[PDB]
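Each chain, letter by letter, is given below.
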Amino acid sequence: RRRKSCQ
Amino acid sequence: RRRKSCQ
Amino acid sequence: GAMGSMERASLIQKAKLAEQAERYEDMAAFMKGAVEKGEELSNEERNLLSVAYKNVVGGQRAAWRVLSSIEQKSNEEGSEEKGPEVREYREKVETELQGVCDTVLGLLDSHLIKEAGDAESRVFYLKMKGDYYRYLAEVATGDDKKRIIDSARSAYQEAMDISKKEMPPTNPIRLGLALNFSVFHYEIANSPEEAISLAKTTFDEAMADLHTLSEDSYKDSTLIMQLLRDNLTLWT
Amino acid sequence: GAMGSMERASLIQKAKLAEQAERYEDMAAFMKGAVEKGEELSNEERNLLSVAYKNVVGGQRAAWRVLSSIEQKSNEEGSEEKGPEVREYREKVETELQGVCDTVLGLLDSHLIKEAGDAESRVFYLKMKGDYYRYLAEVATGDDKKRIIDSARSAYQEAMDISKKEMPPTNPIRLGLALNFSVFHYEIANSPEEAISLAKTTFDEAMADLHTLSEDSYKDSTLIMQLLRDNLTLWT
Ligand SMILES: *Cc1ccc(C(=O)N(C)CCS*)cc1F
Ligand SMILES: *Cc1ccc(C(=O)N(C)CCS*)cc1F
Ligand SMILES: [Cl-]
Ligand SMILES: [Cl-]
Ligand SMILES: [Mg+2]
Ligand SMILES: [Mg+2]
Ligand SMILES: [Mg+2]
Ligand SMILES: [Mg+2]
Ligand SMILES: [Mg+2]
Ligand SMILES: [Mg+2]
């Protein structure tokens, strides 16, 4: 699970 | 459903 | 060109890294550099060349179809005039796609095909030649369209003739060639009955030869047979 | 440059077509041409600029991580020496990524930020500046690394200060900025507690302001809140 950035 | 080619 | 100073083995190594990184444009440029070294390609190297360019042109073809659909809607009655931009941009993508096809066809002509004497290499390259003429035919609308279509047909036909004489009916190259030639018949040459006949005959002859294969070869062949079956189910 | 002869409105129209066709490199080139016309960007145009470059650099970053992992394994004890190719190719991708970051930062400096006076535009551009310095920081290993990190921090901090004064806590730009600054703290600045505190405080203040929103604004804000929650769940 990769952390979220604003995409 | 798109027909298959060799991929 | 730009890869002339890199070692052949380094180009191959970097093509494999580019595949892992999904950098297919780089992969294709590395494999073009490897071909231009002038030595024949191994089975694995031919596969790398094919993967690279099929991914590049596959992205262009998908984009072209999106843009072509938008352009078609724009020419329907009741659609507002939006200017030349949709046509211009579809043409830009089309020209880039044609350039990639011409690049692959140029590698095949100078000099992959003429040096390929074993059935596995010669059939592979002739299949590629048929494929890239078929991609040119997908976008062709002018006076050379018939000759582009005939160039695809002729390359596929020579590959079929060799494959039937020199390869077993379960050989993955023979099967992939038949799959693609069947698609050519269905959607380029306006010959759906020929497409269906070829897919059915190819499937049935492969089925009859599966008993000769190891477990691993059986898996390879049945995977491609399922693509033939997928098309038969769609088309019938 | 190459887009100087195309009308601003045609560049915007083609950027939207390129998005539909998933041609993000073209999209970015069209939007760069639009910015270079010298007029301020609307909300929709700022979004197109952001989408285009985030997709381009996102593909480069993913490829860089694949190659960096391979290079790291190659430097583990017991790994065979394979030559300079992995490093060379990782460096090639890295240089291309840095070039895209420098291109975006150059558009922001000449002259998007200095002309942006409304909170929604100024915060958006400062967030972008923090993002592209953060992407530079992801690959930085040398003597400028601390200054690259501080440039990201400074841009994010000015965007935060404006957003807290001028925007509601549910504003999507304010929320996306806080999400990204929290990621900066966690994985660039080695400050996981600051990252967690920022994500929690941002989430809770947005929750308290949801009652003021329409259904459509509620959907916009809660979507980004869920990203903050995703990170809090991963990090705690
Ligand atoms: C800068 C920025 C903020 C917010 C959005 C947005 O609404 N999203 C749904 C993306 C995830 S934060 C987009 C943006 F570009
Ligand atoms: C030319 C060619 C034939 C066959 C394959 C293959 O084995 N596949 C699984 C792809 C689907 S036909 C690949 C090829 F490039
Ligand atoms: Cl164009
Ligand atoms: Cl390289
Ligand atoms: Mg040599
Ligand atoms: Mg030979
Ligand atoms: Mg034989
Ligand atoms: Mg003008
Ligand atoms: Mg202004
Ligand atoms: Mg306000």
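Residues numbered from 1 in each chain as written, not as in the entry; some residues may be left out. Chains lettered and ligands numbered in written order. Heavy atoms only, no water. Residues with missing side-chain atoms left out of burial classes, pairs and counts.

Method of determination, as given in the entry header: X-ray crystallography; reported resolution: 1.4000 Å.

K.L.:
Explain the overall build of chain C to me, and be specific about the residues and the numbers.
P.N.:
A tally of regular secondary structure across chain C gives nine helices and zero strands. Start at the N end of chain C and walk to the C end: the helices and strands fall as α-α-α-α-α-α-α-α-α. The globule rule puts the C-alpha radius of gyration for 236 residues at 18 Å, and the 19 Å found for chain C is close to it. Projected onto its principal axes, the C-alpha coordinates of chain C cover approximately 60 × 50 × 35 Å. At a minimum sequence separation of 6, the contacts of chain C that also span at least 24 residues come to 68%. (Helix = DSSP H or I, 4+ residues; strand = E, 2+ residues; numbered from the N terminus. Rg over C-alpha atoms; globule rule 2.2 N^0.38 Å. Contact = heavy atoms within 4.5 Å.)

K.L.:
Explain the site of ligand 1 residue by residue, including any values.
P.N.:
The local shell around ligand 1 consists of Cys6 and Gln7 of chain A together with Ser50, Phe124, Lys127, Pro172, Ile173, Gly176, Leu223, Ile224 and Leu227 of chain D. Neighbouring residues of ligand 1 are not confined to one chain but are distributed across chains A and D. For ligand 1, the protein covers 79% of the area, taking 390 Å² as the surface of the free molecule. Contributions of two or more residues to the shell around ligand 1 are made by α5 (119-139), α7 (172-188) and α9 (215-235) of chain D. When its residues are assigned to classes, the shell around ligand 1 shows seven nonpolar, three polar and one charged. (Near = heavy atom within 4 Å. Areas by Shrake-Rupley, 256 points an atom, 1.4 Å probe, with all protein chains shown as cover. Nonpolar A, V, L, I, M, F, W, Y, C, P; charged D, E, K, R; others polar.)

K.L.:
A description of the site of ligand 2 should follow, citing residues and the corresponding values.
P.N.:
For ligand 2, the full set of nearby residues is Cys6 and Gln7 of chain B together with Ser50, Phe124, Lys127, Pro172, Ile173, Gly176, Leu223, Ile224 and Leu227 of chain C. Bordering ligand 2 are residues originating from chains B and C. Burial of ligand 2 by the protein chains amounts to 79% of its free accessible area of 390 Å². Among the secondary structure elements, those contributing two or more residues to the shell around ligand 2 are α5 (119-139), α7 (172-188) and α9 (215-235) of chain C. Taken together, the residues of the shell around ligand 2 break down into seven nonpolar, three polar and one charged.

K.L.:
Hey, could you go over the relation of the copies chain D and chain C for me, with residue numbers and the actual values?
P.N.:
Each copy of the sequence occupies a distinct position, and chain D is placed on chain C by a rotation of 180 degrees and an axial shift of 0.0 Å, giving an RMSD of 0.0 Å. Put plainly, the chains are arranged around a two-fold axis. Rotation axis and chain D: the residue whose C-alpha lies nearest the axis is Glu25 of chain D, separated from it by 6.2 Å. Looking at the interface residues of chain D, 100% of them are also at the interface in chain C, so both copies use one shared face. (Least-squares fit on C-alpha atoms.)

K.L.:
Summarise the environment of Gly176 of chain C; cite the residues concerned and give the values.
P.N.:
Among the secondary structure elements, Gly176 of chain C is positioned in helix α7. Overall, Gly176 of chain C belongs to the buried group, its relative accessible area being 0%. Separated by 131 residues in sequence, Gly176 of chain C and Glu45 of chain C place their C-alpha atoms 17 Å apart. Leaving out residues up to four positions away in the same chain, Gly176 of chain C has contacts with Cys6 of chain B together with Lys127 and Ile224 of chain C. (Buried < 20%, exposed > 50% of the residue type's maximum accessible area, 1.4 Å probe, protein only.)

K.L.:
Help me get a handle on the interface of chain D and chain A, residues and values and all.
P.N.:
In this assembly, 16 residues from chain D lie in contact with seven residues from chain A. Within the residue set of the side of chain D that touches chain A, elements represented by two or more residues are α3 (43-74), α5, α7 and α9 of chain D. Tallied by class, the residues present in the side of chain D that touches chain A amount to six nonpolar, three polar and seven charged.

K.L.:
Describe the coordination of the magnesium ion (ligand 9), naming the residues involved and giving the relevant values.
P.N.:
Distances from the magnesium ion (ligand 9) to its protein donors, namely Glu40 of chain D (OE), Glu40 of chain D (OE) and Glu115 of chain D (O), fall within the range 2.3 to 2.6 Å. A residue pair is termed long-range when its members are at least 10 positions apart, and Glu40 of chain D in the loop between α2 (24-36) and α3 and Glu115 of chain D in helix α4 (residues 85-115) qualify at 75 residues. (Donors = N, O, S within 2.8 Å, 3.2 Å for Na, K, Ca; no water.)

K.L.:
Pulling in residues and values, what's your account of the packing of helix α8 (residues 192-209) of chain C against α9 of chain C?
P.N.:
All names here are of chain C. It is the contact of α8 with α9, at a shortest axis distance of 10 Å, that shows an interaxial angle of 145 degrees. Considering the relative orientation of α8 and α9, their crossing is left-handed. On α9, the residues touching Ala195, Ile196, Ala199, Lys200, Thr202, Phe203, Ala206 and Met207 of α8 are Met225, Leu228, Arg229, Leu232 and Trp235. (Axes fitted to C-alpha atoms, helices over the stretch in contact; angles between N-to-C directions. Left-handed = near helix turned anticlockwise from the far one by under 90°.)

K.L.:
Go over the pattern of salt bridges, please, and point to the residues and values.
P.N.:
Following the criterion strictly, the structure yields 36 salt bridges over all chains and no others. With a shortest N-O distance of 2.9 Å, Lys54 of chain D and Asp131 of chain D are connected by a salt bridge. Highlighted residues: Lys54 of chain D in helix α3 and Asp131 of chain D in helix α5, separated in sequence by 77 residues. Given the relative accessible area of 8%, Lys54 of chain D is considered buried. The class for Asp131 of chain D is buried, based on a relative accessible area of 1%. Between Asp144 of chain D and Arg147 of chain D there is a salt bridge, with the nearest N and O atoms lying 3.2 Å from each other. You can call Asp144 of chain D partly exposed: its relative accessible area is 47%. A cluster of three or more residues bridged by salt bridges with shared partners is formed by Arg23 and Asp26 of chain C together with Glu96 of chain D. (Salt bridge = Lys/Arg side-chain N within 4 Å of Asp/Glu carboxyl O.)

K.L.:
Any chance you could break down the nonpolar core for me, citing the residues and the numbers?
P.N.:
Ranked by size, the top nonpolar core spans 128 residues in total, and within it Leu49, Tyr125 and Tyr132 of chain C together with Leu49, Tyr125 and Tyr132 of chain D carry the most contacts. Not counting the four nearest positions on each side in its chain, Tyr125 of chain C is found in contact with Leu41, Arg46, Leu108, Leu112, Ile113 and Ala116 of chain C. (Core = buried A, V, L, I, M, F, W, Y, C linked by side-chain atoms within 4.5 Å.)

K.L.:
Describe the environment of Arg8 of chain C, naming the residues involved and giving the relevant values.
P.N.:
All names here are of chain C. Examined against the element boundaries, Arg8 turns out to sit in helix α1 (residues 8-20). Spatially, the C-alpha atoms of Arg8 and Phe30 are 9.1 Å apart, while their sequence positions differ by 22 residues. Here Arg8 is in contact with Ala34, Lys37, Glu39, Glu40, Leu41 and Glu45, once residues within four sequence places are set aside.

K.L.:
Describe the interface of chain D and chain C, naming the residues involved and giving the relevant values.
P.N.:
Each side of the interface is counted separately: chain D has 23 residues, and chain C has 23 residues. Contributing elements (two or more residues each) for the side of chain D that touches chain C: α1 (8-20), α2, α3 and α4 of chain D. Top element by residues in the side of chain D that touches chain C is α4 of chain D. It accounts for seven residues.

K.L.:
Give me the lowdown on the side chain of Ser121 of chain D, citing residues and values where you can.
P.N.:
Note on placement: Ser121 of chain D falls in helix α5. Not counting residues within four places of it along the chain, the set of residues in contact with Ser121 of chain D comprises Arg46 and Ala116 of chain D.

K.L.:
Explain the packing of aromatic side chains residue by residue, including any values.
P.N.:
Across all of its chains, the model carries 14 aromatic pairs over all chains by this definition. Considering the side-chain rings of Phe30 of chain C and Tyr89 of chain D, the 5.4 Å spacing of their centres and the 75 degrees angle between planes classify their relative orientation as edge-to-face. In this pair, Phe30 of chain C is assigned in helix α2 (residues 24-36) and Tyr89 of chain D in helix α4, connecting two distinct chains. You can call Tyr89 of chain D buried: its relative accessible area is 1%. Above the face of the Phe203 of chain D ring, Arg229 of chain D is positioned so that its terminal group lies 4.4 Å from the ring centre. (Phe/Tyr/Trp six-rings, centres within 6.5 Å; stacked < 30°, edge-to-face > 60°. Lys NZ or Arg CZ within 6 Å of the ring centre and 35° of its normal.)

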